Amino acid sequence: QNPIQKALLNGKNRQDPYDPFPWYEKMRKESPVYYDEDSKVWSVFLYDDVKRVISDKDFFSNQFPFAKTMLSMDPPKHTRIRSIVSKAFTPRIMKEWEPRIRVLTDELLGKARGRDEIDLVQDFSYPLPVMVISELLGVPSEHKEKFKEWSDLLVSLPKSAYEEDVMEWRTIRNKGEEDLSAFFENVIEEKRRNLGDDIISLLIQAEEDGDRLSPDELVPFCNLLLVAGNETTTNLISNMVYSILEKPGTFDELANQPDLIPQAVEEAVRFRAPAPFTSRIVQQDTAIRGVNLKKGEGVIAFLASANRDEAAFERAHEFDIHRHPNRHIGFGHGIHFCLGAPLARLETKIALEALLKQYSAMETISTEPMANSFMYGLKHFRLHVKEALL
């Protein structure tokens, strides 16, 4: 009964979970502005139209009939909520974490030492972002396995459009949401008279010291930062290593000149971002490519398709660490531009620097994709590895 969910189940989610890209190409070329008659929802595939839908707030609203987070809010309230944490997520504040993120990354590859096969996701790309986001928020990272279980549910989709699968899915997801929410409620209660140098303390101060934040928006805020904080960066690390190993010689280029890694992270955000789409609702009649959109019509904006648009990028289908002019919209565009982009850039850089120093070779054995998800990425990534001579 969620039209956006139905539209994903009718389109995106009918494609290979780790290879939606031929489908995006087909839509770009044949139906770049597509009405799903079943769901009553538009999809846009081309760079200029996706970029406009996500940024043109005069016409495209974030607020539908996580619901109580900045993600689902329009100005003026959006500006006040985002400003609570805007300063805390700046490149310069996240730079203070580079030492701690290096240590966490080191410790994980430490524990992998002496193994000829690793599960990148279980051993590395899941634990590091869950641990960093736990320490930033101010919760114990010893809960990472439960955090991962809850996060995977909160970004999941039913296995099909079939009412029984949707109901089964609603039950399990709702239970995840209840238990994660109870968790944060317990954390808040504890932190109110034991504040830390941490983001949950910042939120509590905003709710307690004035009316910047409602009591019913603390736990939503926690859920959003916990879940985004790991589901995005986990899948961006995994997807980036996969992108590198897919293109022979890329591994050795980056290892031989690690100053390229920041560019290669931007290329991984263009090429295999963890967030392939976002959604808007039309709040004012408009047109894209002469197609008329009416107030109240939902729109899915395929960032992943925009970032592969032949019209916007040369060799858009190629992973090119040397992309000189890359103006990807993989973090979004305009007022909802990813709050975590600096953290994500910093974690992914450090993750990849570590892997390229630790391993002189890595080869894919198997993967299990994130199927039935809002996210694009890997549940498992088994690799044969050879540790470098030091």
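Note that residue numbering begins at 1 and tracks the sequence as displayed.
- The segment from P65 to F66 is interrupted, since 4 to 9 residues of the deposited sequence in that interval carry no coordinates.
- Two stretches are in play, 244-252 and 148-156, and the higher mean C-alpha B-factor belongs to 244-252.
- Across the two stretches, 22-30 and 43-51, the PDB entry reports the greater mean Cα temperature factor for 22-30.
- If you compare the C-alpha temperature factors of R280, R115, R212, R192 in the entry, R115 comes out highest.
- Residue-level inspection of the entry shows that, of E208, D285, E217, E164, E164 has the top Cα B-factor.
- Ranked against the other modelled residues of its chain, the C-alpha B-factor of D38 as given in the entry falls in the highest third.
- When the CA B factors of the chain's modelled residues are split into thirds, the value for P258 lands in the highest one.
- Among the modelled residues of the chain, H333 sits in the lowest third by CA temperature factor in this PDB entry.
- Compared with the other modelled residues of the chain, the Cα B-factor recorded for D179 ranks in the lowest third.
- The entry lists a Cα temperature factor for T232 that places it in the lowest third of the chain's modelled residues.
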